[PDB]
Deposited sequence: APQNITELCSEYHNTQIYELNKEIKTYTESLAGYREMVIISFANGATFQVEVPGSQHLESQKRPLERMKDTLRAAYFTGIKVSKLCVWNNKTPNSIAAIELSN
């Protein structure tokens, strides 16, 4: 089984790794019958997107925001606007 985010990210289609090593600057959450958007100080902006796994990821990004912990890497779907998160590495 894949051992890290780079290996995991290769298993998906239309994805790439963003290496950020930064805390989340802005956290946005909206009712969508919830969409979650995060941005970083350099302006990189990502959205979340299944029920259960998506709630866990939304909780993780929310907690990261409130605690100011560093996001190391994201694996994202690059055919989406903003790009959609497949995996997260905190380190």
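- Of the deposited sequence, positions 34-35, 52-60, 103 lack any modelled C-alpha atom.
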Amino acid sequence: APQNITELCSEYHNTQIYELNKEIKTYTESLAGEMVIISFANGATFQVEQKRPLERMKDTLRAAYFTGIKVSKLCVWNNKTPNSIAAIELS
From here on, numbers count along this sequence of modelled residues.
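- Comparing the deposited coordinates for 9-17 and 78-86, the stretch with the larger average C-alpha B-factor is 9-17.
- Per-stretch averaging of Cα B factors for 61-69 and 24-32 places 24-32 on top.
- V48: CA B factor in the highest third of modelled residues in this chain (values from the PDB entry).
- The deposited CA B-factor of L54 belongs to the highest third of values across its chain.
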